[PDB]
């Protein structure tokens, strides 16, 4: 399995997280609000966002990336994938994540 992150305006975060679970593209999402500061086209931007921490099988990652890009309101969305130490994690939890990712 892996963890994937994106950030969404709070309008869309929950909607999109819900869809991803309904469509079984991810097993589980944690959402929490966040304050983002970034450089964009020569300016320091400060925004209210929600982070989606998404739990998906390692092979379901490509499909997730595709879907995020379809649904995401930003020209250039964040999609950052983090590697999980699968063998140090709880075996039955990874198996669960794999099972719910169709």
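Residue numbers count along the first chain shown, from 1.
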Item to check | Selected stretch [higher average CA B-factor]: 61-69 or 26-34 | outcome: 61-69
Checklist entry - Where do the C-alpha atoms have the higher mean temperature factor in this entry, in 46-54 or in 70-78? => result 70-78
Item to check | Relative C-alpha B-factor of residue 21, binned into the chain's lowest, middle or highest third | outcome: middle
Item to check | B-factor third for the C-alpha atom of residue 83 within its chain | outcome: middle
